[PDB]
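Presented below, as structure tokens, is a lone chain in the form deposited in one PDB entry.
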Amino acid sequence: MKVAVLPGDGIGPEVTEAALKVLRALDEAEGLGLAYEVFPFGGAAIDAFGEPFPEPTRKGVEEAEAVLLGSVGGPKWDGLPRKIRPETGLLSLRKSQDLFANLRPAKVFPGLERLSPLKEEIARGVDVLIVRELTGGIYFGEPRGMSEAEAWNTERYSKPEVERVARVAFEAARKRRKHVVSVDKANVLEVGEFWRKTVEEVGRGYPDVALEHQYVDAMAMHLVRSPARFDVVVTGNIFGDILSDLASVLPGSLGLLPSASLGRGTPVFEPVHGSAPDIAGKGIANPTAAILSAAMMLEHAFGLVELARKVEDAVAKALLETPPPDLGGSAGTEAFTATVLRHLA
């Protein structure tokens, strides 16, 4: 279990640190290879190297079997050359490993229905994972331009691009509730039809996982009227861009949300939240997102599903017992983490 740890900026190191306490506790009690090293990333890296993705860090990432990322960015770097801003650090990092699968789970833990924008009965049981294709589609298609009278972008997927992201979604569902929904616009766009026929075929290699197809519009509705019926959801880039964002508001607090990015290279696992300069150093950031990213790490990077569910279950109990300030309670970062640890023990 060789992890490169990239705490970054703002609340990044605070929440990262909380995740490590959890990973460490887990190491001592269960004995894992846990070996890890802290590299400077983003702002922290600029401060000390003139650039956000240094070669020592680049070296660490490569060699590591997984990256636990914090968050990067902040005022003290916002007026800087695009090529060198902390955000372009993220972009290089991701590109550097050809991560084509973004996993974002939206979960409403038992008792936390009160937080959802949805009504109690609709929010109960929600636990959906959105799997987004990262490297293809309209965001990257050629030809693409703007003339004065018109503009054009091209949505483009090839068969191997659809296949790999599909495969990730199926692996994921097998570790979960064995049900996949694939989202396209197949009744209108050929790229849609193409997606659907291709995923249908991949699904044939996972006879344990059921597969079902919906239209992106239909799906935007279901995510609001009845999100609790879904398990894994997989889709193309732009739609994933919309849908995970849609799914994400569901638990009703930013501090709850983890992320994994998978592909060829080193998997990266990060909280969705940014570096939160307005609260950095206050010891109040909710570390759930980070801890849940470690959980996701154990799961997707190390096939350690049971340990992942153990963290999740501890976190779910902590969120009830000593909820953080963003959940309406009082537990600062260290104190909440201590509650997670009481439940791992």
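One rule holds for the numbers: they count along the sequence shown, beginning at 1.
Not pictured, yet referred to below: the form deposited in another entry.
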Rigid-body hinge position between the shown form and the other one, taken from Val311, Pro86, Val108, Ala66: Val108
Pin down for me whether the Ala29-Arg176 Cα distance shrinks or grows in the other entry relative to this form (closer or farther, change of 3 Å or more). farther
Please say whether the CA atoms of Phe170 and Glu65 come closer or move farther apart in the other entry, knowing the change relative to this form is 3 Å or more. farther
